[PDB]
Each structure stands twice: as structure tokens, then as C-alpha cells.
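J.: The file below is query-v5.txt, compact mmCIF, C-alpha atoms:
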# COMPACT_ATOMS: atom_id res chain seq x y z
CA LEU A 1 16.92 -3.83 24.73
CA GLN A 2 13.74 -4.39 22.72
CA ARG A 3 11.78 -3.10 25.72
CA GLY A 4 13.99 -0.03 26.12
CA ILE A 5 14.68 1.21 22.59
CA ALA A 6 10.91 1.46 22.13
CA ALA A 7 11.06 4.56 24.34
CA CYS A 8 13.20 6.30 21.72
CA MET A 9 10.56 5.43 19.12
CA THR A 10 8.14 7.72 20.99
CA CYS A 11 9.74 10.73 19.23
CA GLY A 12 11.70 12.13 22.13
CA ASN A 13 13.76 13.77 19.43
CA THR A 14 16.45 15.90 21.13
CA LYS A 15 18.36 15.17 17.89
CA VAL A 16 18.44 11.46 18.86
CA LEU A 17 16.36 10.19 15.92
CA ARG A 18 19.64 10.23 13.98
CA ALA A 19 20.87 7.79 16.63
CA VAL A 20 17.70 5.71 16.25
CA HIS A 21 18.71 5.49 12.58
CA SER A 22 21.52 3.26 13.85
CA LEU A 23 18.91 0.56 14.50
CA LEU A 24 18.32 0.38 10.73
CA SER A 25 21.28 -1.99 10.49
CA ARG A 26 19.30 -4.47 12.61
CA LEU A 27 16.14 -4.13 10.51
CA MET A 28 18.16 -5.04 7.39
CA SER A 29 18.05 -8.67 8.55
CA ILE A 30 14.42 -9.85 8.32
CA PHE A 31 11.78 -7.27 9.27
CA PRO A 32 9.09 -9.96 8.81
CA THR A 33 6.15 -7.93 10.14
CA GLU A 34 4.87 -6.78 6.70
CA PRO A 35 5.21 -9.92 4.52
CA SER A 36 3.28 -11.92 7.15
CA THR A 37 1.53 -11.34 10.46
CA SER A 38 3.30 -9.45 13.24
CA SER A 39 3.62 -12.60 15.38
CA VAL A 40 6.26 -14.14 13.05
CA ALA A 41 9.08 -12.32 14.88
CA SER A 42 11.07 -14.39 17.38
CA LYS A 43 11.67 -12.60 20.68
CA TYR A 44 12.80 -9.31 19.15
CA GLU A 45 9.38 -7.70 18.57
CA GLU A 46 8.60 -6.69 22.17
CA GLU A 47 8.63 -5.48 15.17
CA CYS A 48 5.15 -5.21 16.66
CA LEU A 49 5.79 -2.56 19.32
CA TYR A 50 7.69 -0.42 16.80
CA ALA A 51 5.23 -0.88 13.93
CA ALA A 52 2.44 0.09 16.34
CA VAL A 53 3.99 3.50 17.02
CA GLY A 54 4.97 3.89 13.37
CA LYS A 55 1.31 3.46 12.45
CA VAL A 56 -0.19 5.51 15.29
CA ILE A 57 2.12 8.49 14.67
CA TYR A 58 -0.28 9.63 11.93
CA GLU A 59 -2.67 10.88 14.64
CA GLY A 60 -1.09 14.21 15.53
CA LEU A 61 0.13 14.96 12.01
CA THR A 62 -3.28 14.36 10.40
CA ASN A 63 -5.63 15.69 13.09
CA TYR A 64 -4.24 19.25 13.01
CA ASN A 65 4.80 20.09 12.58
CA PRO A 66 8.58 19.89 11.96
CA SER A 67 9.03 17.67 15.03
CA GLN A 68 6.33 15.13 14.15
CA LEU A 69 7.26 15.52 10.47
CA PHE A 70 10.85 14.42 11.10
CA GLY A 71 9.57 11.71 13.43
CA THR A 72 7.42 10.27 10.66
CA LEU A 73 10.31 10.65 8.21
CA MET A 74 12.72 8.66 10.37
CA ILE A 75 10.24 6.02 11.54
CA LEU A 76 9.05 5.29 7.99
CA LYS A 77 12.66 5.23 6.75
CA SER A 78 13.60 2.70 9.44
CA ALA A 79 10.49 0.55 8.95
CA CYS A 80 10.78 0.65 5.15
CA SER A 81 14.53 -0.08 5.26
CA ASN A 82 14.47 -3.75 4.22
CA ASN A 83 10.86 -4.53 3.27
CA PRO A 84 9.62 -1.91 0.76
CA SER A 85 5.92 -2.76 1.04
CA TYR A 86 3.52 -1.60 3.75
CA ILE A 87 -0.21 -1.70 4.37
CA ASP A 88 -2.44 0.67 2.40
CA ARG A 89 -4.27 1.77 5.55
CA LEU A 90 -1.35 3.90 6.71
CA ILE A 91 -0.78 5.40 3.24
CA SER A 92 -4.42 6.48 2.99
CA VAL A 93 -3.99 8.58 6.16
CA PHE A 94 -0.36 9.68 5.78
CA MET A 95 -0.48 11.03 2.22
CA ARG A 96 -3.03 13.61 3.40
CA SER A 97 -0.38 15.31 5.54
CA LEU A 98 1.79 15.56 2.42
CA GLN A 99 -0.71 17.79 0.62
CA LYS A 100 -1.57 19.60 3.87
CA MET A 101 2.06 20.63 4.34
CA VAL A 102 2.42 21.38 0.62
CA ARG A 103 -0.42 23.90 0.64
CA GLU A 104 0.90 25.37 3.91
CA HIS A 105 3.61 27.22 1.95
CA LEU A 106 2.56 30.87 2.12
CA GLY A 107 13.13 24.54 5.64
CA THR A 108 13.05 20.92 6.77
CA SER A 109 9.73 20.42 4.96
CA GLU A 110 11.80 20.02 1.79
CA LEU A 111 13.73 17.09 3.26
CA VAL A 112 10.50 15.61 4.63
CA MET A 113 8.97 15.76 1.15
CA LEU A 114 12.13 14.22 -0.32
CA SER A 115 11.98 11.26 2.07
CA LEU A 116 8.22 10.86 1.57
CA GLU A 117 8.53 10.81 -2.23
CA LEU A 118 11.38 8.30 -1.90
CA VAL A 119 9.38 5.98 0.37
CA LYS A 120 6.04 6.24 -1.45
CA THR A 121 7.31 5.72 -5.02
CA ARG A 122 8.66 2.21 -4.36
CA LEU A 123 5.23 0.56 -4.74
CA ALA A 124 1.93 1.64 -6.28
CA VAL A 125 -1.11 -0.30 -5.06
CA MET A 126 -4.13 2.03 -5.30
CA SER A 127 -6.81 1.14 -7.85
CA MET A 128 -6.58 4.44 -9.72
CA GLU A 129 -8.93 6.03 -7.17
CA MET A 130 -6.48 8.00 -5.02
CA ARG A 131 -3.44 7.44 -7.27
CA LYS A 132 -5.03 10.05 -9.53
CA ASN A 133 -4.90 12.52 -6.64
CA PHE A 134 -1.29 11.49 -5.98
CA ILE A 135 -0.16 12.24 -9.53
CA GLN A 136 -2.21 15.46 -9.57
CA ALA A 137 -0.62 16.70 -6.35
CA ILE A 138 2.80 15.82 -7.78
CA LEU A 139 2.32 17.64 -11.08
CA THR A 140 0.66 20.65 -9.41
CA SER A 141 3.06 21.19 -6.47
CA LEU A 142 6.45 19.53 -7.04
CA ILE A 143 6.62 20.84 -10.63
CA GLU A 144 4.44 23.94 -10.78
CA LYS A 145 4.66 25.51 -7.30
CA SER A 146 7.87 23.96 -5.94
CA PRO A 147 9.85 26.80 -4.30
CA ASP A 148 13.03 24.76 -3.77
CA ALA A 149 14.94 23.11 -6.61
CA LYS A 150 15.96 20.01 -4.64
CA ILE A 151 12.43 18.59 -4.52
CA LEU A 152 12.03 19.23 -8.26
CA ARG A 153 15.30 17.40 -8.88
CA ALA A 154 14.09 14.52 -6.71
CA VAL A 155 10.79 14.19 -8.58
CA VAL A 156 12.78 14.28 -11.82
CA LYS A 157 14.85 11.44 -10.37
CA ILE A 158 11.81 9.36 -9.42
CA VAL A 159 10.13 9.82 -12.80
CA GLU A 160 13.44 8.97 -14.50
CA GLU A 161 13.60 5.74 -12.49
CA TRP A 162 9.97 5.11 -13.46
CA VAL A 163 10.68 5.47 -17.18
CA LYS A 164 13.99 3.64 -16.75
CA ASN A 165 12.68 0.22 -15.70
CA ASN A 166 11.75 -2.20 -18.48
CA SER A 167 10.67 -5.52 -16.89
CA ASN A 168 6.32 -5.19 -13.17
CA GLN A 169 4.76 -2.43 -15.29
CA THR A 170 4.14 -0.22 -12.28
CA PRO A 171 3.83 3.04 -14.29
CA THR A 172 1.51 3.71 -17.23
CA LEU A 173 1.89 5.80 -20.37
CA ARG A 174 -0.87 8.30 -19.54
CA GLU A 175 0.40 9.64 -16.22
CA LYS A 176 3.97 9.27 -17.48
CA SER A 177 3.32 11.54 -20.46
CA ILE A 178 1.33 13.94 -18.26
CA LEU A 179 4.24 14.32 -15.83
CA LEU A 180 6.72 14.62 -18.70
CA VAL A 181 4.77 17.39 -20.44
CA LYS A 182 4.17 19.30 -17.20
CA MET A 183 7.92 19.12 -16.58
Since I need it in another form, could you write the structure as C-alpha cells?
T.:
Amino acid sequence: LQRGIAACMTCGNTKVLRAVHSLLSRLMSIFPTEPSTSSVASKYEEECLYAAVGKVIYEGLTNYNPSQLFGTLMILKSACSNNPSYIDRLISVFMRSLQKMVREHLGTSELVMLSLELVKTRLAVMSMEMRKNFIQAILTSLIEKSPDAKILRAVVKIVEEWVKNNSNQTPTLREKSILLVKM
């Protein structure tokens, strides 16, 4: 089945990606591809073949939407199910599509943005180079020019969770206060 289910990962949507979500229950076990090399899986990887497509999917979405947008949503939700971390290389190319779709506003994009904010906010690893652009895009689109209220509520939720933790110090006072005052 590892050879066959990979075909569904190719974004033959036909409203089946919701059925591919069923495979999340399997990924809840180990998903050892991120914490170590991809070769640490034992005869269920051929999660190499799935991580490959999850990484390569950025091509169409960054080289230019709802179809590939939902494909990215579901594939990143499934991959990030158990292990919250993932390589910076894919972030550096995926977060561009976020702003590209944000500035395109002139319905599912709201849910795509919700899922993307959920998946991206788990870990912060940039060395204040692009993270600045991340916080700026947040405070300038999700707060200032957000047409729908659900995405504003979700960013309120994520910043609440940020200020809620106390242990590790992923957020900082500067961007925290900036977001709070913009809100």
C-alpha cells in the first residue's frame, strides 16, 4: 500500500484529500523522517516518497491556485501531524506563496491561511532575517487588511498562545508588543 497511496499524494483531489487525511492516524506513530535522515524508516517509506512530493509541491504554487493551495494545506497538515519541526528550506519557499495570495485580494484562501498560520507558528527558527518579514506580513495583512473575521480570530488565538506559555522563550517582547498594539 505504500507504493499505491503515493498516487493519491500527487494531488488528484476530486475531494479525496479529505480521505488522504485518514492516513494521518498512521503518521501519528513515528514519522521519523524529520528528526533524523529519511532512511530511518523501516519498509513503510516507499516517509521518503511522501516527503519528496510534500517538498516539491512548492513548485507550481511559487512559480506562478485553490487546488494546489488545498493540496499544500493537506500535505503539510499530514506531514506535520506528529513531528512539528521541518526543514527551513521548504519554509523559505512556501511562505512566499502566503504573501502572494494575501496581496491577491482585490473563499477557501481563508482556510488555507488558517492552516498555514497553525502549522508555521509551532516553531520559529529564522535568525531574525526573514522572521521580521513574517511578523510584518502578519501585522499588515491579518490585522490591518483582513477581510474575513475568522483569520483575525485565528491570529488572535496564536498570539494568545504565544503570550500564554511561560517556560523555550520562542517569542520576544518587541514583536509581541508590536502585534498587541496593532491589534
J.: Choose the residue, out of A:87, A:98, A:119, A:49, that has the smallest atom-to-atom separation from residue 65 of chain A; count all atoms listed in the file.
T.: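 Using all atoms listed in the file, the shortest distance to residue 65 of chain A belongs to A:98.
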J.: Find the residue from A:147, A:132, A:14, A:89 that sits nearest to residue 172 of chain A; use all atoms listed in the file when measuring.
T.: A:132
J.: Which of these residues is nearest to residue 6 of chain A, using all atoms listed in the file: A:30, A:22, A:48, A:168?
T.: A:48
J.: Neighbours of residue 106 of chain A within 12 Å (all atoms listed in the file; same-chain residues fewer than 4 positions away dropped), as a list in words?
T.: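 Listing them by chain and then by number gives residues 101, 102, 145, 146 and 147 of chain A.
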J.: At what distance in Å, to one decimal, does atom CA of residue 179 of chain A lie from atom CA of residue 128 of chain A?
T.: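 Between atom CA of residue 128 of chain A and atom CA of residue 179 of chain A the gap works out to 15.9 Å.
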J.: What does the distance from atom CA of residue 62 of chain A to atom CA of residue 10 of chain A come to in Å, to one decimal?
T.: 16.9 Å
J.: Would you mind telling me which residue in A:121, A:78, A:40, A:54 lies nearest to residue 26 of chain A when using all atoms listed in the file?
T.: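 Closest to residue 26 of chain A of all the choices is A:78.
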J.: Which is closest to residue 4 of chain A among A:150, A:17, A:50, A:123, if we use only C-alpha atoms?
T.: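 Going through A:150, A:17, A:50, A:123 one by one, the smallest distance to residue 4 of chain A is for A:50.
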J.: Within 12 Å of (1.9, 20.3, -10.1) (file coordinates; all atoms listed in the file), which protein or nucleic acid residues are there? I'd like them as an NGL selection string.
T.: :A and (99 or 102-103 or 133-147 or 152 or 155 or 178-183)
J.: Which is closer to residue 11 of chain A than all the others in A:39, A:45, A:29, A:70, using all atoms listed in the file?
T.: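 Counting all atoms listed in the file, the residue closest to residue 11 of chain A is A:70.
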J.: What gap, in Å, lies between atom CA of residue 43 of chain A and atom CA of residue 86 of chain A?
T.: 21.8 Å
J.: If we count only C-alpha atoms and set the cut-off at 12 Å, which residues sit around residue 157 of chain A, ignoring sequence neighbours fewer than 5 positions away in its own chain? Please answer as a PyMOL selection string.
T.: chain A and resi 114+117-118+121+150-152+162-164
J.: If we count only C-alpha atoms, what is near residue 27 of chain A at a cut-off of 7 Å, once residues fewer than 4 positions away on the same chain are taken out, given as a PyMOL selection string?
T.: chain A and resi 23+31+81-82
J.: Quick one: residues within 12 Å of residue 12 of chain A, all atoms listed in the file counted, chain neighbours fewer than 6 positions away excluded, as a compact mmCIF listing (two decimals) with C-alpha atoms, in the frame of the given file?
T.:
# COMPACT_ATOMS: atom_id res chain seq x y z
CA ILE A 5 14.68 1.21 22.59
CA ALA A 6 10.91 1.46 22.13
CA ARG A 18 19.64 10.23 13.98
CA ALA A 19 20.87 7.79 16.63
CA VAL A 20 17.70 5.71 16.25
CA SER A 67 9.03 17.67 15.03
CA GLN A 68 6.33 15.13 14.15
CA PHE A 70 10.85 14.42 11.10
CA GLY A 71 9.57 11.71 13.43
J.: Where atoms are absent from segment 38-62 of chain A, fill them in so it carries N, CA and C atoms, then output it as a compact mmCIF listing (two decimals), in the coordinates of the input.
T.:
# COMPACT_ATOMS: atom_id res chain seq x y z
N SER A 38 2.30 -10.03 12.35
CA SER A 38 3.30 -9.45 13.24
C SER A 38 3.89 -10.49 14.18
N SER A 39 3.18 -11.59 14.42
CA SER A 39 3.62 -12.60 15.38
C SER A 39 4.71 -13.51 14.84
N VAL A 40 5.21 -13.28 13.61
CA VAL A 40 6.26 -14.14 13.05
C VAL A 40 7.65 -13.79 13.56
N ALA A 41 7.80 -12.68 14.29
CA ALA A 41 9.08 -12.32 14.88
C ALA A 41 9.36 -13.20 16.09
N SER A 42 10.64 -13.45 16.35
CA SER A 42 11.07 -14.39 17.38
C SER A 42 11.84 -13.64 18.47
N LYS A 43 11.10 -13.13 19.45
CA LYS A 43 11.67 -12.60 20.68
C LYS A 43 12.53 -11.35 20.43
N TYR A 44 12.25 -10.64 19.34
CA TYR A 44 12.80 -9.31 19.15
C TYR A 44 11.74 -8.28 18.79
N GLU A 45 10.46 -8.62 18.89
CA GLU A 45 9.38 -7.70 18.57
C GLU A 45 8.91 -6.88 19.76
N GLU A 46 9.07 -7.38 20.98
CA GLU A 46 8.60 -6.69 22.17
C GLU A 46 9.70 -5.83 22.78
N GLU A 47 8.68 -6.93 15.26
CA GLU A 47 8.63 -5.48 15.17
C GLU A 47 7.20 -4.98 15.39
N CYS A 48 6.53 -5.57 16.38
CA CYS A 48 5.15 -5.21 16.66
C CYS A 48 5.06 -3.90 17.43
N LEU A 49 5.85 -3.77 18.51
CA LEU A 49 5.79 -2.56 19.32
C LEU A 49 6.28 -1.34 18.54
N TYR A 50 7.21 -1.54 17.60
CA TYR A 50 7.69 -0.42 16.80
C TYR A 50 6.74 -0.10 15.65
N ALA A 51 6.20 -1.12 14.99
CA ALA A 51 5.23 -0.88 13.93
C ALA A 51 3.97 -0.21 14.49
N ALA A 52 3.61 -0.53 15.73
CA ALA A 52 2.44 0.09 16.34
C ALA A 52 2.61 1.60 16.42
N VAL A 53 3.75 2.06 16.93
CA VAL A 53 3.99 3.50 17.02
C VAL A 53 4.15 4.10 15.63
N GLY A 54 4.84 3.40 14.73
CA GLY A 54 4.97 3.89 13.37
C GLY A 54 3.64 4.12 12.69
N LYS A 55 2.64 3.30 13.02
CA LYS A 55 1.31 3.46 12.45
C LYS A 55 0.52 4.54 13.18
N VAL A 56 0.62 4.58 14.51
CA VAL A 56 -0.19 5.51 15.29
C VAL A 56 0.31 6.95 15.17
N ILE A 57 1.57 7.15 14.79
CA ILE A 57 2.12 8.49 14.67
C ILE A 57 1.30 9.39 13.76
N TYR A 58 0.51 8.82 12.85
CA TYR A 58 -0.28 9.63 11.93
C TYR A 58 -1.28 10.52 12.66
N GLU A 59 -1.61 10.19 13.91
CA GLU A 59 -2.67 10.88 14.64
C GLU A 59 -2.43 12.38 14.71
N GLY A 60 -1.34 12.79 15.35
CA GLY A 60 -1.09 14.21 15.53
C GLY A 60 -0.87 14.94 14.22
N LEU A 61 -0.19 14.30 13.27
CA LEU A 61 0.13 14.96 12.01
C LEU A 61 -1.08 15.11 11.10
N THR A 62 -2.11 14.28 11.27
CA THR A 62 -3.28 14.36 10.40
C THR A 62 -4.45 15.07 11.06
